[PDB]
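Input: a single structure, listed below in structure tokens.
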Amino acid sequence: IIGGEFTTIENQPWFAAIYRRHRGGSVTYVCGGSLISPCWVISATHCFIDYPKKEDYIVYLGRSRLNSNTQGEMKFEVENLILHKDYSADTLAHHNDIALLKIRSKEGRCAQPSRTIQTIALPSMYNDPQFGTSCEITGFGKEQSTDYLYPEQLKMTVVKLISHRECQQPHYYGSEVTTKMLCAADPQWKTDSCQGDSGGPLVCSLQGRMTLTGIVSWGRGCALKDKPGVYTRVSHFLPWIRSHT
Amino acid sequence: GXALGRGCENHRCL
């Protein structure tokens with residue numbers, strides 16, 4: 001997250017931190033995710049496509065810090081890793097960038113709700129907030145271009161949803177952005193998601209209810225003028241989500 | 001080739 005605020009997991013209790021265990025036993029941070037039901041985390045296919053081996057991955061819930069333990073945190077393996085079969089990647093754009101992770105503890109248990117672990121509601125069919133709506137993003141991703149390490153403390157920021165019309169303008173993303181994607185950015189280009197925030201939540205208050213409107217997918221640079229964050233439009237993928245869970 | 005930033009986490013090409 002470029003700009004924004006350091007946060008804590010109780011302010012973002014659906015947030016999932018996903019790591020990969022490497023040959024050699026070192027663990028690196030991969031991407032964010034969102035808990036949509038006790039057994040299911042939702043994220044982005046591009047986070048896993050080059051290493052589709054589910055035993056590699058560690059999922060944490062209730063975690064506020066990248067490399068330190070948080071009181072009440074819970075650790076999970078991936079019982080099932082479901083990548084979207086029509087996923088593809090262009091020079092900038094990623095398509096069908098959505099993934100599901102069925103999680104279980106070593107005891108075989110799914111998430112147990114607490115002050116620091118809760119589910120986030122899915123949107124209803126083809127129902128998104130209006131352009132100009134303020135929404136939040138959360139992640140452990142880069143804070144600055146020059147970062148070579150991710151931040152230790154979880155971060156959040158607030159960005160505004162941008163119309164498909166505006167996002168398709170030639171100095172924006174032209175026809176590379178589609179109606180299955182949502183753009184969001186800071187009017188002053190000061191705050192944005194960035195590398196490492198992919199797969200994490202874009203949360204909007206929709207009918208008074210915290211809703212998972214988007215999943216961090218792509219963008220040219222980070223907080224770059226005329227280059228919004230692009231998010232998987234969760235409301236389009238409900239049939240896919242329903243049929244796979 | 002593969003771009004940097006969001007989209008290219010956990011990739012050989014990154």
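Computation of the quantities below employed the complete heavy-atom set of this structure, encompassing side-chain atoms and omitting hydrogens, waters and symmetry-equivalent molecules. Residue numbering restarts at 1 for every chain, and letters A, B, ... go by the order of the sequence lines.
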- [ ] May I ask you to decide if A:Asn127's main-chain N or O and A:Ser124's side chain share a donor-acceptor pair within less than 3.5 Å?
- [x] no
Task: Whichever hydrophobic residues join A:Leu206 through chains of side-chain contacts under 4.5 Å - done: none
TODO: Measure the spacing between OG1 of A:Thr133 and CG of A:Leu161 and express it to the nearest 0.5 Å.
DONE: 5.5 Å
Open item on the list: Could you work out, with side-chain hydrogen bond (donor to acceptor under 3.5 Å, both in side chains) as the rule, every residue matching A:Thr213, not counting sequence neighbours?
Closed with: none
Open item on the list: According to ring-ring contact (aromatic ring centres under 6.0 Å, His included), who are the partners of A:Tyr231, at least two apart in sequence or on a separate chain?
Closed with: none
Task: Under the side-chain hydrogen bond (donor to acceptor under 3.5 Å, both in side chains) test, residues paired with A:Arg220 that sit two or more places apart - done: none
Open item on the list: Is a donor from one side chain sitting under 3.5 angstrom from an acceptor on the other, for B:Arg6 and A:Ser217?
Closed with: no
Open item on the list: Parallel, tilted or perpendicular, judged at 30° and 60°: which one describes the rings of A:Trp240 and A:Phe237?
Closed with: perpendicular
Task: Whether over 12 other heavy atoms sit under 6.0 Å from A:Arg115 CZ - done: no
Open item on the list: By the salt bridge (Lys or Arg N to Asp or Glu O under 4.0 Å) test, which pairs, at least two apart or in different chains, include something from residues 193-214 of chain A?
Closed with: none
Open item on the list: Tell me whether A:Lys190 contacts the main-chain N or O of A:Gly4 through its side chain, where contact means a donor paired with an acceptor under 3.5 Å.
Closed with: no
Task: Heavy-atom check, side chain of A:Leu100 versus side chain of A:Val41, under 4.5 Å - done: no
- [ ] Establish, yes or no, whether the cationic atom of A:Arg104 lies under 6.0 Å from the six-membered ring centre of A:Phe76 and within 45° of the ring axis.
- [x] no
- [ ] Hey, could you give me each pair passing ring-ring contact (aromatic ring centres under 6.0 Å, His included) that has a residue in residues 197-219 of chain A? Not counting sequence neighbours.
- [x] A:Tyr173-A:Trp218
Open item on the list: Any non-hydrogen side-chain atom of A:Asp192 less than 4.5 Å from a side-chain atom of A:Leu224?
Closed with: no
Open item on the list: Suppose the criterion is salt bridge (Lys or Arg N to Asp or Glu O under 4.0 Å): which pairs have a residue in residues 34-43 of chain A, not counting sequence neighbours?
Closed with: none
Task: Shared-cluster residues of A:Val27, by chain and number - hydrophobic side chains joined below 4.5 Å - done: A:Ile9, A:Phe15, A:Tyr19, A:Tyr29, A:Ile58, A:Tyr60, A:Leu66, A:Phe140, A:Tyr150, A:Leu154
TODO: If a pair satisfies side-chain hydrogen bond (donor to acceptor under 3.5 Å, both in side chains) and one of its residues is in residues 81-90 of chain A, list it, with sequence neighbours excluded.
DONE: A:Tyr87-A:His94, A:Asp90-A:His95
- [ ] Using the salt bridge (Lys or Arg N to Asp or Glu O under 4.0 Å) rule, collect all pairs that involve residues 133-159 of chain A, keeping only residues at least two apart or in two chains.
- [x] A:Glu143-A:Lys155
Task: Shared-cluster residues of A:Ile162, by chain and number - hydrophobic side chains joined below 4.5 Å - done: none
Task: Donor-acceptor under 3.5 Å (A:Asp97 side chain, A:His46 main chain) - done: yes
- [ ] Please list all pairs passing the disulfide bond (SG atoms under 2.5 Å apart) test where one or both residues lie in residues 54-114 of chain A, with sequence neighbours left out.
- [x] A:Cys39-A:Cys110
Open item on the list: We want to know whether A:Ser64 and A:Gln153 form a side-chain donor-acceptor pair, criterion being a heavy-atom distance below 3.5 angstrom.
Closed with: no
- [ ] Indicate whether any N or O donor in one side chain lies under 3.5 Å from an N or O acceptor in the other, for A:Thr8 and A:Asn11.
- [x] no
TODO: Tell me, with the steps shown, if A:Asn80 and A:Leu101 meet side-chain contact (heavy atoms from CB on, under 4.5 Å).
DONE: CA-CA 6 Å; A:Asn80 200 351; A:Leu101 282 68; over 6 Å; no
- [ ] Can you spot which of A:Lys102, A:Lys54, A:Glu55 makes a side chain to side chain contact (heavy atoms under 4.5 Å, CB included) with A:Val78?
- [x] A:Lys54
